[PDB]
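Heads up, the Cβs are rebuilt from the backbone with ideal geometry, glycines too, and the neighbour counts pull from every protein chain shown. Laboratory data are not the source of any read-out in this text; all were calculated from the coordinates shown.
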Amino acid sequence: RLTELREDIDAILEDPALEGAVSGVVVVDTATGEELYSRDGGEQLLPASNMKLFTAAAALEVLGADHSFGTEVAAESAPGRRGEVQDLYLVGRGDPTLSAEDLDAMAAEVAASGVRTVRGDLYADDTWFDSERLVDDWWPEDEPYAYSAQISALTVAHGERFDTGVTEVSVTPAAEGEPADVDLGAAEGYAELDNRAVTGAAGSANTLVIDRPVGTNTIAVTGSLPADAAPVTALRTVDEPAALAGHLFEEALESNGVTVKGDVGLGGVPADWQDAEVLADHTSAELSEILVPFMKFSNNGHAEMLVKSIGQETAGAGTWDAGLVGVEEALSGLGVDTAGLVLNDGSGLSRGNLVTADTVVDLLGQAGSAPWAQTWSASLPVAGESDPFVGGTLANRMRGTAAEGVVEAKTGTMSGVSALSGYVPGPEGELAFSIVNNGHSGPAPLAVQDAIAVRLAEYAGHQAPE
Ligand SMILES: [Mg+2]
Ligand SMILES: [Mg+2]
Ligand SMILES: [Mg+2]
């Protein structure tokens with residue numbers, strides 16, 4: 001039975017899509033420790049978003065499943081008879097799920113505290129983390145796109161998936177020959193608009209492009225949107241997420257009847273403030289709950305903020321250098337052998353990351369016996385599940401196979417890198433597997449990955465739902 005499995009996986013790995021590729025493929029029975037399959041398990045390879053497995057485990061170790069994140073509003077003293085304050089600070093301590101609505105609610109609280117006039121300036125304080133926005137080896141051509149959002153302790157998260165440091169751009173066709181309409185979303189009045197896009201003839205070709213040119217806070221729209229085309233909506237990153245948070249808060253205060261006389265900018269609560277008066281605050285959901293949108297949808301921003309939050313907890317340092325050492329030490333303390341690990345970020349976006357399939361499987365086993373095992377597993381994509389908050393990045397994979405509803409695994413794909421690692425429950429055992437592919441030059445080998453996970457589900461004793 002074991003020999004059949006090995007031959008079938010051998011055969012799957014002979015696929016032409018893996019031409020020139022190196023593939024770490026390890027399968028283990030977690031009840032015994034029996035190595036069911038091992039090929040190039042000690043080989044160092046880029047994990048892409050499989051890196052988040054390491055990040056999430058360390059976050060749960062260091063911060064705890066019950067950890068929550070805070071945001072506050074502070075003035076030098078409370079408002080008095082006149083209901084006045086001078087300068088005002090919006091202070092973020094790394095909430096990756098802070099919404100525009102959360103800002104309105106804090107603005108309401110400011111007003112309820114007796115503030116009627118902010119006489120001075122409004123500052124956005126993101127000093128809980130450093131101001132290093134992007135990892136060294138991240139590619140600047142990726143910068144406009146949501147997965148490459150700048151990292152800040154104070155950032156507005158968009159939508160139910162909580163994509164941080166972005167605005168939603170909507171482009172709507174007008175009459176043929178007239179410029180297309182561009183709505184910048186939350187960044188209206190913050191980001192600059194360079195709209196060069198025109199409306200094309202009905203039935204013409206859609207060539208619309210939405211950019212943020214490198215080193216600018218300009219949304220540049222070019223090309224042609226057909227008069228009969230549906231509006232085009234895209235998430236685009238902004239420069240300095242905290243300053244957008246400041247702009248949005250300004251508008252919320254005004255909206256809530258608080259007049260702001262001064263300017264909006266970046267700044268930290270002054271050292272010489274004797275006893276800051278906290279006029280409003282907000283507390284995020286607990287980490288266990290945050291893990292779900294983080295891991296199901298592979299949120300890069302969440303991982304990096306969690307890394308800087310680890311640095312804060314272990315060292316009082318909201319930085320990648322401290323956070324990344326914190327991840328390694330946490331993993332060691334969990335029992336994971338971290339010899340093959342090279343940590344350059346938390347998300348896996350960095351091409352400077354290295355793992356081995358043996359290390360991933362090692363982690364999968366150690367996480368399984370950790371007190372937080374259940375919140376950890378609930379965060380992972382479940383193969384072929386149609387509800388996006390359940391299926392995640394596996395929503396449209398392995399449907400109508402034995403893996404559907406059973407395989408829990410994390411994905412990770414970029415140019416020349418693809419990975420799938422997780423668990424296979426069954427009337428036999430809860431198998432743990434890692435598949436890491438590097439070096440292929442066509443599409444990512446997702447079908448090869450699916451084929452292994454399905455064979456494993458079958459080996460485990462499962463059948464396709466019909
Ligand atoms: Mg706090
Ligand atoms: Mg606005
Ligand atoms: Mg099944």
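Quick look at the values:
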{"read-out": "Surface/4 estimate of mean projected area, convex hull on alpha-carbon atoms of the chain, nm²", "value": "24.7 nm²"}
{"read-out": "From phi via Karplus (6.51, -1.76, 1.60), per-residue ³J(HN,Hα) for region 325-330 in Hz, x at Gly/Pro", "value": "5, x, 4, 4, 5, 4"}
{"read-out": "Burial ordering of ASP121, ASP450, fewest other beta-carbon atoms within 10 Å first", "value": "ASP121, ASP450"}
{"read-out": "Net charge, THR283 excluded, C-beta distance under 11 Å - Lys, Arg +1, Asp, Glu -1", "value": "-4"}
{"read-out": "Whole-Å semi-axes of region 130-240's equivalent ellipsoid (Cα gyration tensor)", "value": "28, 14, 12"}
{"read-out": "Alpha-carbon centroid distance for the pair region 392-466 / region 130-208, whole angstrom", "value": "33 Å"}
{"read-out": "For region 130-240, share of DSSP beta bridges that run antiparallel, in % to the nearest 5", "value": "70 percent"}
{"read-out": "Distance in nm between pseudo-label sites at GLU286 and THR218 (7 Å out along the Cβ direction from Cα)", "value": "4.9 nm"}
{"read-out": "Per-residue Cβ neighbour rank within 10 angstrom, fewest leading, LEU244, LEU287", "value": "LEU287, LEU244"}
{"read-out": "Ordering of 175-185, 409-419 by packing [mean C-beta count within 10 Å, highest first]", "value": "409-419, 175-185"}
{"read-out": "More than 25 angstrom apart: percent of Cα pairs within region 222-349", "value": "51 percent"}
{"read-out": "Estimated vicinal HN-Hα couplings, Hz - region 163-177 in sequence order (Karplus 6.51, -1.76, 1.60; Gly, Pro = x)", "value": "7, 8, x, 9, 10, 9, 8, 10, 10, 10, x, 10, 7, 3, x"}
{"read-out": "Charge dipole of the chain about the Cα centre (unit charges at C-beta), most positive-ward option of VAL454, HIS67, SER224", "value": "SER224"}
{"read-out": "Assigned charges on the beta-carbon of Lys, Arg, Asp, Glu; region 296-415 dipole about Cα centre (debye)", "value": "360 debye"}
{"read-out": "Dipole-positive endmost among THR167, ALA234, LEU341 within the chain (Cβ charges, Cα centre)", "value": "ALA234"}
{"read-out": "Phi to ³J(HN,Hα) by Karplus 6.51 cos²θ - 1.76 cosθ + 1.60 over region 309-319, Hz, x for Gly, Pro", "value": "5, 4, x, 4, 5, 7, 8, x, 10, x, 9"}
{"read-out": "Helix-only [θ]222 nm of the chain, DSSP H runs n ≥ 4, -39500 (n - 2.57) each, per residue, nearest 500", "value": "-8500 deg cm²/dmol"}
{"read-out": "Dipole of the chain, positive direction: furthest Cα of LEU363, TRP376, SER332, with charges on the beta-carbon", "value": "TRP376"}
{"read-out": "Pairwise FRET efficiency - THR259 versus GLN86, Cβ, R0 = 22 Å, nearest 0.05", "value": "0.95"}
{"read-out": "About the Cα centre, charge dipole magnitude for the chain (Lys/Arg +1, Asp/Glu -1 at Cβ), debye", "value": "280 debye"}
{"read-out": "Given charges at beta-carbon only (K, R positive; D, E negative), |dipole| of region 170-215 in Debye", "value": "160 debye"}
